[PDB]
Structure formats: C-alpha cells, structure tokens
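Below you'll find only one chain, the form deposited in one PDB entry, shown as structure tokens.
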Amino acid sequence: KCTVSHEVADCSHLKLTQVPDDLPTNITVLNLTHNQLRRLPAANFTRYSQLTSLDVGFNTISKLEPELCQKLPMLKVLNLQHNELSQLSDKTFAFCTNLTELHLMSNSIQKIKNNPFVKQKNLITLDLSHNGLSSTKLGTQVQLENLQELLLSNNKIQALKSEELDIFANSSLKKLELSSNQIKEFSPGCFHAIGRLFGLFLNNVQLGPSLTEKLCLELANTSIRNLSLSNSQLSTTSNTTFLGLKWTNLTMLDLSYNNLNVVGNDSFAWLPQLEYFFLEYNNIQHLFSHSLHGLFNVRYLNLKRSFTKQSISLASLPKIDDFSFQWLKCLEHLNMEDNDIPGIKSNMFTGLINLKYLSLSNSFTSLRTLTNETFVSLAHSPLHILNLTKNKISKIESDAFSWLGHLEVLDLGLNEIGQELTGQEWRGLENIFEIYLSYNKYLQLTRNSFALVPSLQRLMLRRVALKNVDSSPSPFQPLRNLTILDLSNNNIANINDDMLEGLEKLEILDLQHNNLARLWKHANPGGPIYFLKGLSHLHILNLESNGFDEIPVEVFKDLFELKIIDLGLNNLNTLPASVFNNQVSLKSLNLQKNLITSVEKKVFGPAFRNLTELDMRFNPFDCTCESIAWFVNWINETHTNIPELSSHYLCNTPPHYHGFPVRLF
C-alpha cells in the first residue's frame, strides 16, 4: 500500500479498484501489480501529478485515459500485465514524451498506429511477448531511432520480411530479440533494410546448419556485434557455415546448448576479431588442429561441458589435437568446467601468450598424477589463476608446477591427494598468494614443506588430515606474509607451541572442528599449550566445536586487535576472570551451545563494553538473582545486537524459573 516516503509507492495483492490518494503529493513511483481496477481516477493521480513510474499488473482495462497522460507527461515507464487490448491510440504515446519504457506481457496485441512515436521515439526498449504476430509492421515510415532493444519473444512469427523492417532502416538497435519464435525463412535484404543492429538474438529457434548458412549471407555488411544463438540444432559446422560473416566485425558469439558435434577445419577464420566466444553444453567429440584457426582477437573462451561424455562401452574418448589452441594469441580466460578430457597432452596450450585465468575444474576423467612436464605446454603464459578442483589428483610429483612462473592463485582443493609434502613440489613458484588444498585425503608435513614458497598469503587446509603437524620446527615457519590460515575439520589432536611463530601478518585463523580439548586442560602434562602468542594482527579467530572446557587466562595476551572471536559448540562452563583484558577492540562474540551458566563482569569485563553482536543462544543458565540478574540489567540497557535474545536465551537451573526467558530475571 504505502511505502516509506522515499518518493516511492508500492501496491501488491491489495486488489483494489480505487487508488489510495493518501499517498504524498511529492512521490513519483507507483506499482499496482496483482490488483484489479476499472478506470483511472485522474483526480487522485492529480494530487501526486509527478509520477515517473506507473506499473499495473494482473488487471484488464479497455484503454488508458489520455487525460491521465495529459496530466502526466512526466511518466517514464509503463508496464502492462494481462490486458488484452489490441489497438491503442497514438495520442497517449505522444503526450507521454518522457515515457521511455513500454512493457507488453500477456496482451495478445495485434495492431499499432503507423506514427505513435513522432516525439516519443525516446523509448530504449520495446517488448512484445505472450502475443501472436507474423509480421513486424510497427511504423510505415522511418522513426524510432532512439529505440535500442526490440523484443519479439513468445511470438508465432515464421518468416522475416524486409518491408516490415522499414521503420528500423534509419533506426539503430543495440539488440534485436527473435528468440523463442521459429523462423523458417529470411527474405533477402531484411538485414540491409535496417539500421545498425549491434545485436541479434536467435535462441530456442529451429535454424540448423542449412538455414544458418543462408543467415550467414544475410548478415554481410551489417553492423552486428552481439550475435547469440542457442538450441539452433547446429549439429556440425563447415567452412561455409560462417562464410559471409567476413563482411562484418562481430565481437561476441554464442553457440551454447546447440549440442554441436564436429567443427570443421578453419570454421571460424572469417571472424578476425571476436572478443567473446561461448561453446558450452555441446556434444563435441574431437577437435582438429586447424579447427580453431583464425581467432586472433579473443579475450574469453568458454568450454564448460563442451565435450561428449565419456562412454567406455562406446570408447568415445573426446580427444584434443595438440596445438589446437595455438592460434588464440590473445586469449586470457579459458574455462573447461565439467569436462571429460582423457588427459593432458604435452602441447595442449602451446602458443598461448596472454592467458590469465585457466580453470580445469572437473575437466579430466583421468588425471591421476602431475608429473615433471605435465604443464610444460604452459611455460609461456602468465597464468595467474589455475583451477584444478575435482580431478581426483592422486599425487603431485616434485617440480610439477615449475613451468608456472607468474602463478598466484592455485586451487588443488577438493581432489584425492595423499602425499608427503616434501616442499620440492612447489619449487618453480614465485608469486603465489593463495593455495587451496581443502577437502583432500591426507598430507604428511615436514619442516621444509613450504620453504620454497614464502610468498604465500592464504593457506587453506580444510578437512585434509594433516599428518605430523606437531613437528618441533613449525611447517608454517617459512611463511611470513600469511594472512589467512585454515585448519578446520581436521580433527587435530595435539599442537606444538612453535606452530604459530613469526606469523605477525596472520589476520584470520580458523580451527573449528578440531580435538584440542587436551591442550588447554589444566592437568595437561607440560602445562597448557599457548599456540596463540605473538599474533598481533589476528582479526577473526574461530574455535568452534573443539571440546573446550577450560581457557587459561593468558592465552589471549597478544590478541590486541581481535575483532571477532567464536567459541561456540564447546563445553565451557566457567571461563576464568581477566581473560579478555587485552582484547581492547572486540566487535563480535559467539558462545552458543556451550555449558555456560553465570554471566558476570568479573569475567566479561572489557568484553561487553562496545560490541556489535553477541550470541549465547542455547546455554544452561541458572537464572538466580546471584548471577543472571546482573546480565538482565545489561540486556535491557545495552545497544549491542543480541539475535533471538528472547525465544532462545532461556534458563533452567532454577526449577521454578526453568524454561523462562532470561529477560524475566
């Protein structure tokens, strides 16, 4: 009904036939979707005569009032939903000069005036959907140049006629939409009796190789840049498939979901520049060397699931001839997600020069191990990011990434890696910032396991079953600029004090789901282990679900910038006093599902001063006057956000006060 007074009014599902005039005079936005109305009362609209946005949905009206548009030239966008009028007077369009967006959905419209757009040619986008047409007759004369997006989806047109496009002979369009409308024939001169069509969309429409070849001629000497076509049933391609395209300068091309099978040699040589190129979900079986010849200027090439699924019964073996990418002299972004390449040939990526981001996630059906020269084809490309997720990589031989000199983000996570990290495996690397090894089988760490790569900033070891991590020289010692370290879910048992030394740059530490309860128990031999020492910059520390039941008071001495500390899911019952004193700047606390009972400033002294959010959502509170009563005062007087403070924070110890919100001291 009424939105907050940001010049906007919103009405949905109110289903009222008389608008509420209580809306402020100055507001200028109104939607009336999911409502029904007969006639527009201009008097209520006259109060807020300024109305840039007028939206109506799910209503049937014979015709809009021109007097309303005479009242409101300032209208900018008009949306129609489920109104079946076939012809509208052009005076409404003329009066609403500022109208720049017109929407036709669920209308079954059939006729428009020849000159509705004498001065409201301004509208950038025109859409015709859920309507049945066979010709594009809009205006008998050239106009409507400012129109840039024409939508003809959900239409029954079957052929394109040049005479119908006379209005757009002078008009230039960023993109023309003909998707979801099967066209079996294109009359010649249709794309020449039309202005600069920067784009053209033919999706979910039956074209096939034969017709598209004719369409290739039809686009000669045309200012086309955005040609996209999907589900065209393009089984294969030949040299004449894109022959006549040489007489234009395309920029992007889309062939997604066209289940294409075979690309002939040099099938794309008539595209001297093509910045973007889409080839995904296509049943390709084999790439010839010269299949991709002539792609001088390409920035982005996508091959996500662009190959035939492996079938051992059929011995499908979707195979890549080497040097097939050697002509992509400008390629920067190559994607090969969810593919079934049998393995890496020695010269797959030979010739790549500007290659920046290469993703091989789930690209190889059989990549057991990485050898000395498994990436030798990449020796001449500044590959900043390489992605090897989901490839069941059993083992990494040493010097396997020697060829990657400029690499900075390597994602070996989510594989099948069982290996002793001898350190020599990373020798060639110079500038890596992040290494993802999460979700693997097991790593056996050594003292010199990361010495070859002191450039690291992010080491993600999540659920990887670190062996020998309690070695006396910390395996993380050579790392110096590490900022994010993650050892979560590893169920680590014991940790040496030396593990985190010199890591002054360590900002984020994560140790959730680890069995470190022993190391802080008082009766632990050798005393409690203080692995959190010297951590000057630690911002976010997570220790969820560790079995903790006793915190030594001096573990957080060096945590001078600790912003968020999480200790939920543990078994804390009495955290001792003066434990958060050095935590001068703390913003968020989390102690949910612990066994804490008493809340008191002797232990939460500096902690509760200036927080942003606190969380204790399930605990066995003893709601007696001795302990909780102070906290109840702090609850009702403090502006720190306490989510679910009522329904969840409950007490039980007092049997009489069992199940009672802590709010009720």
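Residue positions are given as counts along the sequence shown, with the first one as 1. Each form is matched to the other, and the largest set of C-alpha atoms that superpose within 1.5 Å is called the rigid core.
What comes next is about the form deposited in another entry, which does not appear here.
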Exercise for review: Please name the single residue among 117, 476, 548, 436 whose Cα shifts by at least 2 Å between the shown form and the other one after core superposition.
Suggested key: 117
Point to revise | CA of residue 90, rigid core aligned, shift of 2 Å or more between the shown form and the other one | key: yes
Practice item. Determine, after fitting the two forms on their core, whether residue 81 shows a C-alpha shift of 2 Å or more between the shown form and the other one. Key: yes
Check your understanding: Is the C-alpha displacement of residue 616 equal to or greater than 2 Å between the shown form and the other one once the rigid core has been superposed?
Key -> no
